[PDB]
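Let's start with one chain on its own, the form deposited in one PDB entry, as structure tokens.
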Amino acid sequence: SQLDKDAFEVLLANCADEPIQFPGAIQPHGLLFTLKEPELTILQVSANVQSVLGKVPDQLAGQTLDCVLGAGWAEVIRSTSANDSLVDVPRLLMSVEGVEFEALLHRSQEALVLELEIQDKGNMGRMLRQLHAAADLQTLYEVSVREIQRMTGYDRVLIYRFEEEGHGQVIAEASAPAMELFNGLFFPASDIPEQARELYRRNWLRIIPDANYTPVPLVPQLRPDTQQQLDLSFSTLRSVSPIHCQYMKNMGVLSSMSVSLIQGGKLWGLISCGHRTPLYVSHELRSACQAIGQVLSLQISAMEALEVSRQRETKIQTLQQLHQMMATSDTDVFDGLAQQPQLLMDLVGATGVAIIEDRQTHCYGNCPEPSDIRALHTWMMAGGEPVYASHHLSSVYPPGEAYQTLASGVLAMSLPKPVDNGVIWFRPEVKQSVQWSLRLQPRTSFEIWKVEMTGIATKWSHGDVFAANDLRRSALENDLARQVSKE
């Protein structure tokens, strides 16, 4: 397939803007019918109508819904399709021509999308009990992944967390014995395109029962009512892009089932379940996984909130100690800050605390050569404000590349005293605290992350900047009186 490889390589270059929401084909484990809400006439049909029902698709475009689905169920789907929210709808199991079909309903731009999924072949209280029993966030991730693996029966279960600029991190992983391990792996934001992220934000479950699937087209590809393509954003039977199918092939997973974790409308992460054999997931399993996803999304938000509030709680305690730390014979407040560096390091969070004063420089922790530090302090005038924050110093100050491991994100405060002053913080690179062991591959994904996240340190959160601007006022209140009170 030399021609196909060239055609595929075209998709690889143009993958950040492919029309995922408008594939024009569905996965072949069911049927899709687009209908009209008032009369329920078959507006669009799938190519499997002859495969599972044995009806020629040419005579379906427009004609009666009774023709293929039977008049018996037509009234049922009319009644369940009456003017309603359709948000909460009970299960609707059917059987036409001896084929078991589960009917799911939604609406897309004044159309009734009917998804006839094919059918082949108590513990909840326990799962929520264990989820509540978790103490810390890492324990919560571990127990959640273990429980999802146990109940689903999926070979691999992974929790991706989207940290910064869309980059991902595999936090918790449980896998079947003797199979590839992914933990501490960081993948770039380019791996998941933005359209896929929007769909994951608008859908709880994404099921790909078989990567070796041939897409079946929707005939006709154009809806006569609007003369466009179907928006399959909310359809469970939506074709997967060949790029992700190749990615799953290279991984070794043939069936996937992703559960989205949404906090405050933002995609916190994903729960990805992979199988080495094509696995078909029943409705009960889907509902249980959705329930665990929502419960964990609620719980994760709570655990960080307690931890975020805890950091604020131990912040003001840290400043209070520091606000009185210079109570004894301080030549400068900074020289009083030189007694115990770890209080400064723990105030804002950084491996390097350096305060330059008295024609010399005082640094504790991960710091560069002192001569170049004043050159970084020579850049203080460029800020124009005591506060300074950066998650990437190389991009904003070009000669700050010699020290990327020691100083990638620098927090600073400088009192307006013109002679010699300023406080400097040093946070190391993210690349120096990450450990893990073809184009579309997890190993290749890690290398792109190490080049995309170059010289980038973890962003100083609003609390750290608040704890930074706080000492700006505290040092200004005290330092001037210290010299004045001597006189």
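What we label the rigid core is the largest C-alpha set whose atoms superpose within 1.5 Å from one form to the other. In case it trips you up, residue 1 is the first one in the sequence shown, and so on.
Note that the form deposited in another entry isn't included here; everything after this is about it.
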Residue among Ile262, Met94, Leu415, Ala111 with C-alpha shift of 2 Å or more between this form and the one not shown, core superposed: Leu415
Cα displacement of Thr378 between this form and the one not shown reaching 2 Å, rigid core superposed: yes
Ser309: CA shift of at least 2 Å between this form and the one not shown after core fit? yes
So that I can tell if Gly455 moves, could you say whether its C-alpha shifts by at least 2 Å between this form and the one not shown after the core superposition? yes
Note whether the distance between the C-alpha atoms of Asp155 and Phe446 decreases (closer) or increases (farther) in the other entry, against the displayed form; the change is 3 Å or more. closer
Any idea whether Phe446 and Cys245 get closer or farther by CA distance in the other entry, knowing it moves 3 angstroms or more? closer
